[PDB]
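Enquirer: Experimental structure and its sequence below.
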Amino acid sequence: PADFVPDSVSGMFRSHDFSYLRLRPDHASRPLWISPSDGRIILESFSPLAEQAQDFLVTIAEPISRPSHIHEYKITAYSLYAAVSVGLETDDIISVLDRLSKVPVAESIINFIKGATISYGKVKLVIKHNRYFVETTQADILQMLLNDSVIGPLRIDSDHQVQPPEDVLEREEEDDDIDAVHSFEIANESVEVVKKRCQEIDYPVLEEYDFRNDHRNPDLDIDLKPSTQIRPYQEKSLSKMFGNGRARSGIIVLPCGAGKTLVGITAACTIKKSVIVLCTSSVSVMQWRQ
Amino acid sequence: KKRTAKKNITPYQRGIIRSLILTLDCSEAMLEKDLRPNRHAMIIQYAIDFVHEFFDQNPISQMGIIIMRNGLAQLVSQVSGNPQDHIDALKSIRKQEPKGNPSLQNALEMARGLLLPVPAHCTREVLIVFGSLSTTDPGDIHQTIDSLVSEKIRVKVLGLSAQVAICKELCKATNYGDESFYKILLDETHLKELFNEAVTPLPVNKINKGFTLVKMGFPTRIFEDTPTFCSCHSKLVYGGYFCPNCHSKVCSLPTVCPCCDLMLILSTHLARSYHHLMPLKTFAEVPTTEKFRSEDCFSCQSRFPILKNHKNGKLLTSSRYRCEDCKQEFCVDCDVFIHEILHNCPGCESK
Amino acid sequence: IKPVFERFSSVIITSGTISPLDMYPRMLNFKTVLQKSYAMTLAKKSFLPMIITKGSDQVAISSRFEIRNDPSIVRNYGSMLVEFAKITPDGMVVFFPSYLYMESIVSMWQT
Ligand SMILES: [Zn+2]
Ligand SMILES: [Zn+2]
Ligand SMILES: [Zn+2]
Ligand SMILES: [Zn+2]
């Protein structure tokens, strides 16, 4: 498959015991209580940094319980990817959680958090001459691109070309990561192989969508008017999906019938390239259009 | 490390009688989300609390409530001396929701009109709980402010999270120049104490003004029960008071006689006043190592004194905050209680 | 300038803003003695310089791009201005970099 199971891997990390599990020394002085084995975060009223802790937990995971006294924590692989893309420091976040949470930080949970902080939503995909290449702003991205079977083996040793970046961008890697770093140009055949390798070796790359570098695609007959309705969840989802500069292909669950396609229309206008729209059924397609 | 008032330097005069006309703020601004329900709900709740408190401590005054909706000042409680009416009015309002812009000018003019009947010995006042950051005036404002200060009408306002120049001018203007009355808040607890300090009478340094003897008389409770009959609400009420002079029944109150129109009181109101006039010297916190006094409380008998040499613990302080004139100790709880609730200093009473 | 520095002997230069205090000896080609700057000794903060480089979209903004529209920038600035108008009490100023800039910006703000 060309996709990685980790996106829908949410629903685990909830199980513990009392013999092997020791009492967290921070339990004596801990405004919250991050239950690691259960994946929970019992952030009682004693937490003075409750807002920041809740923000960090919602980024990294999904807070299942939000009681009046204390909160709850749940594990979500998609939530883990979102937290990794959040940009917070992994070590600093772990230290803050250990300080606030009375329970000590679990080994498996700590390792998952550390992996998500850098690896999760932090893959390196360099670009040369405004295209997709095998590199990374960080050191890890460049090593992965060099060792990538499709990124490296299918990537030409030339560091970057404006024309190759516009046309060929090992296919047109418009879904690559930040460009203008140490990287080398790649061909225009097999992005399917590249993404298959990324999902197989579990490489969540912070992808973008360089629409202006989509030189092959002429700008389609798009009227870039945002006059359609905008909603708070809609605009925040747009902010999340557009990422930095160029947009990116992503997944966002939305309330259907509540202006779900509005953000999609806005993004399609934003890229100013060839876009198509799909709804459930053709009759439903007409109904949504009307 | 202490947070105490250094000294009270007007312990000679206050306005004992009052006629305070609290004016709320019910306008679109008060609907933002900074205080837990909103501005507005929390405001009205604390307003109820303040009404109870103020009509307790100043039980001889009146009060009227004013809102500011849609740029209009709509009186919601006539100036009256019965707390329950105002309480009910606020109850009613709290279920209604704000709109329009706050028209400070209109509210001011409505007040100035409202307080005309108040006689000379009675003192006027207003308390704007201003919440927004603008006004919308249908006239000159400095005109009104000048009329106000001409009519000897002190004004105190409690802005929300900002400072508005005109309001600062307003407070500085009416209060004989001495600017201290535009206190604005930074926290809910700060707000509670704001209202609390609004409760007391208000001195700064009073100009020499007319001081006037006021006729009033005290009633005597009635006895009969079935003869229920009232001359202030025209009902049957199982027994009340008698004006000493008008000589007509009046349902329970410190109210004004509705027949011959003279003030009625028992004394306990006058006792509250006495408490406000001449308070105590602020209790001093005894020196940590220089006290060498009795190891107990005095009014109470607490065991919270010291610890005798404990590196940092004893180096901290010696809970012996002791009043001056009687020069007897008192634990922190006792001193807080004396200076808050009952003002007869225990030891200073006894000699 | 040269004639006045030739004519007069004791002259002063003063402003609440001059910086750096060496460009002026360079450009105007004149001799000085005391080039001193004074520090605001305050027992309190008293003012909050800031550099709002990124709007809500966390996007770098300026007027440098053009003298034109780019609805991202426009909407960002408009949001900035309106939230300030909500928050500050009476009295606020802005200083656009050039007149045509203001003309276009406000025209399409009214848009
Ligand atoms: Zn009656
Ligand atoms: Zn009478
Ligand atoms: Zn005691
Ligand atoms: Zn005493």
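Expert: Now that the structure is in, tell me what you want to look at. Numbers count the residues shown, from 1 in each chain, chains lettered A, B, ... in the order given. Ligands and ions are numbered 1, 2, ... in the order given.
Enquirer: residue ranges of the strands in the stretch 1-150 of chain B, please?
Expert: Here the stretch 1-150 of chain B has its strands, by DSSP state E, counting those that start in this stretch, at B:19-23, B:62-66, B:75-80, B:124-128.
Enquirer: List just the one of these that sits closest to residue B:47.
Expert: Residue B:47 lies closest to strand B:19-23 among the strands of the stretch 1-150 of chain B, at 7.0 Å (Cβ to Cβ). (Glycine included, C-beta is placed from N, CA and C.)
Enquirer: That closest one pairs with which strands?
Expert: Using DSSP bridges, the strands paired with strand B:19-23 are strand B:62-66 (parallel), strand B:124-128 (parallel).
Enquirer: mind listing what the residue nearest to the spatial centre of chain C touches?
Expert: Centroid-nearest residue in chain C, with Cα atoms, centre = their mean: residue C:95, separated by 7.4 Å. Residues counted as contacts of residue C:95 (Cβ atoms under 8 Å, 6 or more residues apart in numbering or on different chains): none.
Enquirer: Next: residue B:79.
Expert: B:19, B:21, B:62, B:63, B:64, B:114, B:115, B:117, B:118.
Enquirer: List just the nearest of those to chain A.
Expert: Comparing the contacts of residue B:79 against chain A with Cβ to the nearest Cβ places residue B:63 closest, at 36.6 Å.
Enquirer: How many residues are close by the closest one?
Expert: 24 (other Cβ atoms under 10 Å in any protein chain shown).
Enquirer: measure it to ligand 4 for me?
Expert: 35 Å (Cβ to the ion, to the nearest Å).
Enquirer: my guess is that residue meets residue B:50, correct?
Expert: No: with contact defined as Cβ atoms under 8 Å, residue B:63 does not reach residue B:50; the gap is 10.0 Å.
Enquirer: Stretch B:163-183: end-to-end distance?
Expert: 9 Å (Cα to Cα, to the nearest Å).
Enquirer: quick check, that stretch touching chain C?
Expert: Yes: part of stretch B:163-183 sits near chain C under the criterion Cβ under 8 Å from any Cβ of the partner chain, namely B:163, B:164, B:165, B:166.
Enquirer: circling back to that earlier point, looking at the contacts of residue B:79, spot the one nearest ligand 1.
Expert: Of all the contacts of residue B:79, residue B:62 has the smallest distance to ligand 1: 17.6 Å, by Cβ to the ion.
Enquirer: how deep is that closest one tucked in, by neighbour count?
Expert: Neighbours around residue B:62, by other Cβ under 10 Å: 23.
Enquirer: Please name the residues that touch it.
Expert: Contacts for residue B:62 were tallied using Cβ under 8 Å, 6+ apart; they are B:18, B:19, B:79, B:80, B:81, B:118.
Enquirer: Filter those down to just the buried residues.
Expert: Buried subset of the contacts of residue B:62 (neighbour count, 16 or more other Cβ atoms under 10 Å in any protein chain shown): B:18, B:19, B:79, B:81, B:118.
Enquirer: Isn't the first one up against residue B:61?
Expert: Yes: Residue B:18 sits in contact with residue B:61 when judged by Cβ under 8 Å, with a separation of 3.7 Å.
Enquirer: any idea which helix or strand comes after the strand or helix carrying residue A:235?
Expert: Using DSSP states H and E, residue A:235 maps to helix A:232-242. Downstream of helix A:232-242, the next assigned helix or strand under DSSP H and E is helix A:260-271.
Enquirer: ok, and the residue in chain C that ligand 4 sits nearest to, which helix or strand is that part of?
Expert: Residue of chain C nearest ligand 4, by Cβ to the ion: residue C:43 (37.2 Å). Per DSSP H and E, residue C:43 falls between elements, in no helix or strand.
Enquirer: Measure how buried residue C:96 is and give me the count.
Expert: 14.
Enquirer: Could I get the full set of helices for chain C?
Expert: C:2-7, C:23-28, C:71-87, C:99-110 (DSSP state H).
Enquirer: for those, which one ends up most surrounded?
Expert: Comparing those by mean neighbour count (mean count of other Cβ atoms under 10 Å in any protein chain shown), helix C:71-87 ranks first with a mean of 14.
Enquirer: Distance from that helix to the middle of the chain?
Expert: 18 Å (Cα atoms, centre = their mean, to the nearest Å).
Enquirer: ok, now stretch C:38-54?
Expert: Averaging C-alpha positions (Cα atoms, centre = their mean) puts stretch C:38-54 14 Å from its chain's average.
Enquirer: Excluding sequence neighbours, find me the nearest residue to residue B:313.
Expert: residue B:307 (5.3 Å; Cβ to Cβ, 6 or more residues apart in numbering or on different chains).
Enquirer: So the one you found, which state does it fall into?
Expert: Per DSSP: H, G, I helix; E, B strand; the rest coil, the local secondary structure of residue B:307 is coil.
Enquirer: Same check on residue B:347?
Expert: Under the three-state scheme (three-state DSSP), residue B:347 adopts helix.
Enquirer: what sits against it?
Expert: By Cβ under 8 Å, 6+ apart, residue B:347 lies in contact with B:298, B:299, B:323, B:326, B:327, B:328, B:330.
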